[PDB]
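Enquirer: Please find one structure pasted underneath; my questions will follow.
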Amino acid sequence: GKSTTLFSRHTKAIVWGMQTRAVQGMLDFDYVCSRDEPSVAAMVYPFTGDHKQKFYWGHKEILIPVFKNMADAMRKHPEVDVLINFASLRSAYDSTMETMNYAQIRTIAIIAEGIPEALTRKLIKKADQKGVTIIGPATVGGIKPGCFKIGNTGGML
Amino acid sequence: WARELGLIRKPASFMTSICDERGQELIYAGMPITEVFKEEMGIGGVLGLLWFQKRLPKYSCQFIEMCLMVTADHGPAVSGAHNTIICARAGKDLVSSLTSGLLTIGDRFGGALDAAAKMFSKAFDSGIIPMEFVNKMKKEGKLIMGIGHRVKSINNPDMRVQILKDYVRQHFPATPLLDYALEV
Amino acid sequence: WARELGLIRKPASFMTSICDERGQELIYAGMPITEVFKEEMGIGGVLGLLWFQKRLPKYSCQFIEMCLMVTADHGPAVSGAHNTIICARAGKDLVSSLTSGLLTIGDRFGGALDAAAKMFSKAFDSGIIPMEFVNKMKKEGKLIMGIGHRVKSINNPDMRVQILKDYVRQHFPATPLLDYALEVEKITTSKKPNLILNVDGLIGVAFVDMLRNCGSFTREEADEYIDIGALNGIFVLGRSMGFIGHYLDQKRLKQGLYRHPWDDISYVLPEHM
Amino acid sequence: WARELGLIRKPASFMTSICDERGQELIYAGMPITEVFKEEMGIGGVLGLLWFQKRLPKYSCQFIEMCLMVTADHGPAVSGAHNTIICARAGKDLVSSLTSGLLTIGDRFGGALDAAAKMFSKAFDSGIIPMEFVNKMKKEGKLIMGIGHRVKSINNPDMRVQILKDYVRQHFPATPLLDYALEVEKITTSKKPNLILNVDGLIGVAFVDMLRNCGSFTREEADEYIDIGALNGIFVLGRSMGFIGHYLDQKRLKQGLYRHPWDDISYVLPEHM
Amino acid sequence: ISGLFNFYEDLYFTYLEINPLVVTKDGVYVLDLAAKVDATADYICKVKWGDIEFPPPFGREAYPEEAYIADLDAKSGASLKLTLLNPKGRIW
């Protein structure tokens, strides 16, 4: 089943990739929309171990974990329902196919420009079989003001 | 001036979760300096506070102090003290002489602390009996780091093994890796 | 006196296959110092004599001196020259400042010389097409060492990469490891426009090209000079020039103690440990 | 972002008048790196560009390279090469081995370069005749730094003092300090036959001749580079090539840990402390 | 047709038209083909494609300055276009 309420004021995400500028913009959006928690729970970058990144919740500084395994990310965080995928055109097929067998990921936003059309038709069919919403390729993202904002959409604050 | 009233932002480098220098006291890992002298921790306590940033118990503090007391000079023949004496004997100063002599604590001289821990931990947590662990290291070469004395062998103990052991025999609960190494 | 007449014995350590000091001349590897200056081998010649104990040809010593001229200072922001300016700014001496600044040439800064030589040699001699070697590295993490520049990308060429490259194109036969590495340049420029082969990667692969593609090295001499770590030394000796240049500059500008202000630190000490 | 639109302010540290890394080229002192390789200055020219940040002319860069070639390794018995071989033979790596060997270049080993420069310059600028300067070093103690050889004397010249000297007699205009020092050499040869100008003294006096006898240095920059210690670094950077050559030699000949046996040591500990 | 579908997939097609297939007693013969292939899978197929210049739709001749900064797109990372809709217009 494809959902009808994709985002909320309790929507938690994992952004895939080293995107400190875009996740800074997203946590800026979570602060300026008077939300209680950040929209980002964790980050997944395969080329770096688990550590904590510092971010600004207004003036205060918080720590967000970069995990390496997404199963580790789901064990520590079962509340995440949306994945933002900043992978390239060569690894987002693997990343997306590897994403979709995690059950609590309910929607996916694929930022990438140029996932090939046979590969993305395979992505479309497996989203149809699994029930996932793709917001996929050659996109900038999505914005629900007050609730959520994907990546770099809109731009700066 | 814009930061003193706080309107711009700055991301910082150098995360350093140790030793708050600023404010009214020297705060260590979590403890003020008057407390660490008042709770009566030696340098084992501040080694737990600087190196691990944890208040270690007082038997372990005496143990760390005891290890630092036994890993002092092992004669001026050995390679690091040799380089210290060559550098000091060229009349440099204290700091560069100590720096050159310390700049060999490596893998062939004095690097068996780390190697004899990583090897025994990789062997015990992938655990074998000693009677096949010795053979598993036999089938590979690469001698067990942390075994061997040139002269003091048996019925002739090292006697700095023993005081450390009887501190661990008395003031020290639950030491299984020493049990494994003693069976080895 | 007994050894002056010869009767006792002594076995000797410190085996030193280099630089006979005793006698009537300072002999280097095998050559007298007047023969150093009459055959006119420069410091590339004495690096051949000291480092390899081999007389390198007249294009090789010219490449080594050009090579030491590009592996000099790369600015004061980078890690080792930063530590030199801190230690010189504490007013120590030349030697302690240069020493603490050179104590940073490791695996993350400036050790792309040895890693980008070992890895490219292990990829070319166990040969893969680079369009699958890059995938073999892609399956493992651990990015290809010696590839990537922040600003000068391609046809905004790095021009110290190119002045070396046009030395390697002109006065320089037989470049299959940089033909392979330029093929890796061709193929890794397909993921990113910037992502060109580094200068601290190019010195490693062009120097392996020199070592096993010119003469005088068999393949067991040539692999032992790479396994031992003789490619760290080129970066170290080049960067010592810039470190002492930084030291003299920090003494000449007459600067006092640096302190590193606290609003760049962000103490994240625990709660109460 | 506010600094990118230029609105807040920040005063900087690390003033650093050397090696502009930012922009489109590695700019040295004032010259682009393509001009560096195009005007064809060696590493002596860019030693002039980093250490003194001035284009030293073509005899002078050759003289600096020649200085590095004779202040290279002078055998493995001497103290710095000894420390390099001890740390190499403990099997560390290149950098820490070279580094622990380079951190002995002080005042008793290798500190004849700066001493035999300051002493001869202070004797020449406050002028006393050599036939009373030696007597001034007689009535005060403190032997003249930079004169004397243990073996190679006269009618047996030092032969790298001579290569250097016939470079500076030939390729080197207006050299009053070396003329003064050669007259001091004539008089210090009167007491003992050996007692000729050292190499560690000739690099000092001919390099003060380089600094304050060629151009580009005023006398308040010229004496300032002597006061700072720009002559210590020539010995450091020359002897580092020999240290790396020693390191590669001790790795390639594959020797185990040196121990220095107990019968060279002679323990003289107190009775019962 | 069986191998052709493997040819449709292992070369990553989009569009592939044969109009007509003239097959006689001598054998099968293809006269027309029309193909759209996915270039974003270049990392799969540049080993299979090679030195490919992709022909334009048959239109007017390209200018040298769109060619130079289009070369600069081949030199660097930007996306350009400049193609004139009428060269003697006023609204550039």
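Protein chains in written order, with PDB author numbering: chain A, 487 to 643; chain B, 827 to 1010; chain C, 827 to 1099; chain D, 827 to 1099; chain E, 185 to 276.
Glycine included, C-beta positions come from ideal geometry on N, C-alpha and C.
Given a limit of 8 Å on CB to CB distance, which residues of the stretch 555-584 of chain A reach chain C?
Expert: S574, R576 and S577
Enquirer: Can the beta-carbon of D/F1033 be found less than 8 Å from the beta-carbon of D/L1008?
Expert: No. Outside cutoff.
Enquirer: Kindly indicate which three-state DSSP category A/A528 falls into: helix, strand or coil?
Expert: strand
Enquirer: For the putative contact between C/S1042 and C/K884, defined by C-beta atoms under 8 Å, what is the C-beta separation to the nearest angstrom?
Expert: Incorrect: roughly 13 Å between the Cβ atoms, too far for contact.
Enquirer: What separation, rounded to the nearest whole angstrom, lies between the Cα atoms of D/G868 and C/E891?
Expert: Those two C-alpha atoms are separated by around 7 Å.
Enquirer: Let me confirm a value: C/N1024 is counted as buried when at least 16 other C-beta atoms fall within 10 Å, else exposed. Which label applies?
Expert: buried
Enquirer: Alpha carbon to alpha carbon, how far is D/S926 from B/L894? Give it in angstroms, no decimals.
Expert: 24 Å
Enquirer: At least one CB of chain B closer than 8 Å to the CB of C/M1099: is that the case?
Expert: yes
Enquirer: Just to confirm, is the Cβ distance from D/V987 to D/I1022 under 8 Å?
Expert: When the beta-carbon positions are compared, D/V987 and D/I1022 come within less than 8 Å of each other.
Enquirer: Within a Cβ cutoff of 7 Å, which residues of the same chain sit near D/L929, ignoring the five residues on either side of it in sequence?
Expert: none
Enquirer: Is there a Cβ from chain C that is less than 8 Å from the Cβ of E/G261?
Expert: yes
Enquirer: Helix, strand or coil, according to DSSP, for D/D1026 in the structure here?
Expert: helix
Enquirer: Could you tell me which residues DSSP puts in a beta bridge with D/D846?
Expert: D/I853
Enquirer: If the cut is a Cβ gap below 7 Å, which residues of chain E does C/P1019 touch?
Expert: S260 and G261
Enquirer: Note down the Cα distance separating D/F998 from D/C1040, rounded to an integer number of angstroms.
Expert: 9 Å
Enquirer: Pull up the CB-CB distance for D/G972 and D/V1031, whole angstroms please, since I reckon it's below 8 Å.
Expert: 7 Å
Enquirer: Considering only heavy atoms of the ligand NAD, does any lie closer than 7 Å to the CB of C/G1055?
Expert: Summarising the ligand content, the structure contains no ligands, and the ligand NAD is consequently not present.
Enquirer: Here's a check: name, in chain order, each residue in its chain whose Cβ is nearer than 7 Å to the Cβ of B/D846, leaving out the five neighbours to either side.
Expert: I853
Enquirer: Name the DSSP beta bridge partners of E/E201, please?
Expert: E/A218
Enquirer: Residues bridged to A/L549 by DSSP?
Expert: A/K540
Enquirer: Which chain B residues sit within Cβ distance under 7 Å of D/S926?
Expert: In chain order: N909, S926, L929 and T930.
Enquirer: With DSSP collapsed to three states, give me the class of C/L990.
Expert: helix
Enquirer: Count the other C-beta atoms from every protein chain shown that fall within 10 angstroms of the C-beta of C/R915, then say buried if there are 16 or more, exposed otherwise.
Expert: buried
Enquirer: Can you tell which of A/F493, A/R495 and A/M512 has its C-alpha closest to the C-alpha of A/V501?
Expert: A/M512
Enquirer: Please look up how many angstroms separate the CB atoms of E/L264 and E/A254, rounded, as I've assumed it's under 8 Å.
Expert: 6 Å
Enquirer: Excluding the 5 residues flanking B/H900 on each side, which residues of the same chain have their C-beta closer than 6 Å to its C-beta?
Expert: none
Enquirer: By DSSP's criteria, A/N571 is part of a beta bridge. Which residues make up the other side?
Expert: A/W502 and A/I596
Enquirer: If contacts are defined as beta-carbon pairs under 8 Å, then C/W827 and D/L1074 qualify, I think. What distance do you get, rounded to the angstrom?
Expert: C/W827 to D/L1074, Cβ: 37 Å. No contact.
Enquirer: Apart from the five residues on each side of it in sequence, which residues of its chain come closer than 6 Å, Cβ to Cβ, to D/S979?
Expert: Exclusion of the five residues before and after D/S979 leaves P1019 and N1020 as the residues of its chain whose Cβ lies within less than 6 Å of its Cβ.
Enquirer: Beta carbons nearer than 8 Å to chain B: which residues of the stretch 521-547 of chain A have them?
Expert: Residues passing the 8 Å Cβ filter: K540, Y542 and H545.
Enquirer: Starting from the C-beta of C/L833, find all residues in its chain whose C-beta is less than 8 Å away, skip the five residues before and the five after it, and write them out in chain order.
Expert: none
Enquirer: From the DSSP output, in three-state form, read off A/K630 for me.
Expert: strand
Enquirer: What does a CB cutoff of less than 6 Å around A/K538 pick up in its chain, not counting 5 residues either side in sequence?
Expert: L549 and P551
Enquirer: Could you have a look at D/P858 and say whether DSSP puts it in helix, strand or coil?
Expert: Reduced to three states, the DSSP call for D/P858 is strand.
Enquirer: Comparing alpha-carbon positions, which option in A/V568, A/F553 and A/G641 lies nearest A/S489?
Expert: Closest by alpha carbon: A/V568.
Enquirer: Listed in chain order, which residues of the stretch 889-904 of chain B have Cβ atoms closer than 9 Å to some Cβ of chain C?
Expert: none
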